[PDB]
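The next block holds one structure in the form of C-alpha cells; read it before the comments.
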Amino acid sequence: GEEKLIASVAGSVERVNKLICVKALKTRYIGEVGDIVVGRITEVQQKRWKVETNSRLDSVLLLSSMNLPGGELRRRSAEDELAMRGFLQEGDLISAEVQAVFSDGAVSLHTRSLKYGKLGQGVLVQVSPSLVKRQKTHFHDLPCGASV
Amino acid sequence: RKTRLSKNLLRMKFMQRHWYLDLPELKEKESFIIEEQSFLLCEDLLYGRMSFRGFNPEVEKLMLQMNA
Amino acid sequence: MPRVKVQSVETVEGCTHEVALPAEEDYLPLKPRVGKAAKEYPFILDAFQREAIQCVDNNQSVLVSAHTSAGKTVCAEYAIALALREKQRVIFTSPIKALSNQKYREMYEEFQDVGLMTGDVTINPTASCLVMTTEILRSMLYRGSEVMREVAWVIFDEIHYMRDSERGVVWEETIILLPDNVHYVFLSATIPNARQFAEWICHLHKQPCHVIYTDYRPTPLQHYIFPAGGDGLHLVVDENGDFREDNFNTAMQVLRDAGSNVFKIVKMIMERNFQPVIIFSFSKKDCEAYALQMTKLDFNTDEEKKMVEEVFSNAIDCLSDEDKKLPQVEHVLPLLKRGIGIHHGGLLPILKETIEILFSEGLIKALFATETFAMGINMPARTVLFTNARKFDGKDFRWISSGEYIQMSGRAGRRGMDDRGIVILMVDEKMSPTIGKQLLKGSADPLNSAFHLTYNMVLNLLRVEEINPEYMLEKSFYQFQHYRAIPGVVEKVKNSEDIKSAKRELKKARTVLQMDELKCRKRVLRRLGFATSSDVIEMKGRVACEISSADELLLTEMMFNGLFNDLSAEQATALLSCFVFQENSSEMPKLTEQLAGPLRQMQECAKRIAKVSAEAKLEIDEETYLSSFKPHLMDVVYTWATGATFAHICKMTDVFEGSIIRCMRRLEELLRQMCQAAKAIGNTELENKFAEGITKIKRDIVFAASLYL
RNA sequence: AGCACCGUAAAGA
C-alpha cells in the first residue's frame, strides 16, 4: 500500500535473502507438492472423488490416480467408473500424497505406491496443521505396539 | 531410374496444399399461406453495422457491398 | 552382493538367446502364442525377430542387441498392437526429437491411435501409445502423473546413447523409478556386456529378462582404403569377414611413397555406379567447402530438378516472403538441384528435414553429413565414405572409435536394391596393422554408465518420502557394474586366507560409491537455503525443482536477490541466453551498460555459489563455472525480441544459425519454467514479464513446424 | 586435420 509493505496476518515475519513472508500460527492446510496427507471423502462424482482436508477448498482425487487391486494396471474404463463407488465408499479415509496444486487453490492428489491408499480401522485425530514439524517419514511404526 | 514421386512422401500435408406416397387428395397440393416472423421478407433493411466518414473503413466497404 | 542367475537357451544358429532371472527361481521356458497374432507381417520373420515376439507375447521384458537394418523395429510394433489389444497403454522413448517425429508419423499411419510429447509440441496425449523423449518420462516418474498407473509396456530406442556423460543419467534414473509390475523392451546396438545389463534389470525389478544378440546382417559390406593420391582402392576385408592385410600393406607402402581429392573419389564412385553415397566428415566447414568444390557436377536430369523445385516450394511456403530470401536457402537450392546435399548441426531444421526426405527418395546421391544420420534415421544407402578418421569429442582430438565407425557403416546396404554395400576410408597418416585392425574389425566398446549426481535429482528426491538418493546410487549401473571388478582384491584376500585390504574391501563389497559428492551437494543446499538440517526441503527447493533446463541454484538466487524485479521484459531473456548458450565464438561482443550491468550481478552471485561449493570441496573451479555461461548472444536476443528480421540477426555474430535456434528454443522452455517458478513463490508481475518475453520471441521460423508432422 | 600466434630466408619497387 502506497509504496509500503504492510502485514496482513498475525505472526512472526521471516526474511529470506530478499523475500519477506509471514508464518502465521493458525491456518488451514495450503497445498504443497510432495506433502503426504490424510483425507476423509465427501463425494463421488462421475469422474473422480471429492475429499475433505483442512484446506480452503475440496481436495480432488482423480479416478486415474487411485491404485488398482494388486498391480492389475491396464487403463481406466467405465467398469472402473462404476466400481468407483463400491470400493471407496463415501466417508472413507485415504492416506495419499499431493500430486499438484491448481491455480484455483485446490489440490489434486494421488497414490504413488501401495504403502498409500485406503486405511484400515484404526483411530483418528484432527489438530491444527501448524503443529506438525515439516520433516520426512511421516509414516512411523513405533515400538510401543502401533503406528502413526 | 524414376520419373514420379512416392506415396509415403505424397501423403504429407505441405504437399497436398425410404419411401413415398401419392395422396390424390393432397398430392399436387401446396400451402397457400405460410407463417413468417421475420421483418426482412416483410420489409427491406440496410446492413446493421455502418460508419460515417472514416471510422473503420472496412465497415464502409461492407456498406457498399451489402446495401445493393 | 546382488545374487542373480543367468542362463542360456538351446536355439539355432543365427542369433543367441539368454535369460537373466532371480537367483532363486527355476526356469520354465517360453510358450507358444494363444490365438491370433497381434500383427501379421508381409514377409517371414527371422529367428531373431520371432524369438523377440515369442518373448513379448508371454509378457516378459527383453533386450535386443543387433546391428541396425535388421528389422529391429518389429518387436516395437508387435508390443504396441498387443497393448492396444488388451486396453493397456504403451510408451515409446526416443531421445531425439526428429527421430520421434518420424516414429510418430509411422505409428500414426499404422495404428491411428498415438500421441506425441516433446519439448516443442504435444499431440493426442489420450493415446494408448505415447511417443516422446525420455526426460519427459523422468518428470512423469517423479510427479506420478496419470500414465504410470496405466502404461504396462515401455520400449527404449538407443540405450547405447546412454553411454554418454551428460545424459546417461536419464535412462538409468527412469528405470530405477519404474514399478516392478511393468514390462518393457530395449533396442540397442551390438554390446558385449548384455549379461550385466540383464542381471541389473533383474536385480532391479526382481523380474526375469531376456537377451537377444546377433552379428547377422542382410546386406554385407566391403571395406576399402584410399590413401592420398594413390588413385587406387585397396581391399582390407571382404564380405566373408576375411581380412587380407596384403592389400593393406600395399596401401601403407603407398602412404610411405607419397612422402581436389574427394572430388576425384566421388567421380570414381559415380563412374562405378556406386551411387548413392554418404559422406561422413567430422566438421561443418569441410562439408560446406566440399559441396562448394563439387558444385560443378550434376547427378540429376532436368525433370528431377523441376520436381525438387516443386517439393522445395511446397515445403518452404510455410514461411514468410523474407525468410525465403535467406542466403542459406538460395545458396543451397542449386546444390539440391544437382543431386548433392549437405547436412550438419548448423542449418535451419526446415532444410534439414527437406534434405532427409529428398535423400529417402533418391533425388540426391552424395550427402555430406557428419554424425546426424549415424543415429536417428533409417535412410540407408549403397556406399559410404569416411573423409577422415580423426574427430573431436569432449576435449580430446581422438581417433575414430570402432563403435562410431560401425554406427556409420551400418548405413551402407539398402535391402533388396543393393546386393552389398561399399565402405571406404580416406587416410593420410601412417597407421600400422594394430590400430587399423582394432579399428575396422575390432569389437564394439562396452556400455559403461556415467551416473553423475545432479541438483535437480537431489531436490526432486527430497520432495518424496519413499525414495532417497542413496537408494538410487545403490540401484544404478555405476554400482552394479562395480561388483564384477570387486573379485580382484577379494580374490587376493581369499588367497591370503593384505589384511588391511581384507577389512576394507570386505566392508566395501556391497557398499556405496560417489557418496562424498552427495554429502557435499547437501552441504551446499543447506548453506544456500535449498534445504535445512534434518535433510528436509525449503521453499528455494520447491522453486528450483520446477527448473530442469539450466543451472537452477543460480536462477533461484537471482530471484531471491531481486534482479528481474527491476529489469525489463527482454533483458531477462538475455540474462537467460547467458545460460542456455554453451558454445564458444571468435569475438566476444561489446555490450551496452543497460544490458551488461545485470550480468555483473549475475557473476557476483555465481562467485558466491563458487565459494560455497569450494567450502565443501566439490573439486570445482571458479573461473570455469563462472565462464560456463556465455553472454555471446545477449545482443542477438535483444534485437530479436525487438521484433527484427532473422537476416538482421544472423550477421551480428560469426555463429551458425541452427545453434541460435537451439539457444532460442531452450530459452523459451526455460521461460515457461521460470513462469511456473514465479507462479510458485507468489509473484505475478515477474511471470507476466516472462510470458511476454515468450510472446515476443515466437514470430516466424525459430518455432516452425516439422515437415514430418 | 584445421585456425591463430611468433621467428626465419628470399623477390620487387
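Each position is counted from 1, following the chain as shown.
Looking at the header, which is where the method is noted, we find electron microscopy, 3.5 Å.
Heads up, the Cβ atoms here are built off N, Cα and C, so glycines get one too.
Range with Swiss-Prot annotation motif 'DEIH box', chosen from C:65-68, C:157-160, C:293-296, C:433-436, is C:157-160. Those residues noted as binding ATP (C:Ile44, C:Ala66, C:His67, C:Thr68, C:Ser69, C:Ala70, C:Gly71, C:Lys72, C:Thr73) have their most widely separated CA atoms at a distance of 19 Å. Among residues of the same chain six or more beyond the motif 'DEIH box' (C:157-160), those with a C-beta under 8 A of the stretch's C-beta atoms are 76, 92-96, 99, 103, 171, 186-189, 191, 375-376, 403, 447. Here the binding-site residues are C:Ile44, C:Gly71, C:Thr73; the one with the fewest Cβ atoms within 10 Å of its Cβ is C:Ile44. Neighbours of C:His67 (ATP binding site), defined as other CB atoms within 10 A of its CB across all chains, total 18.
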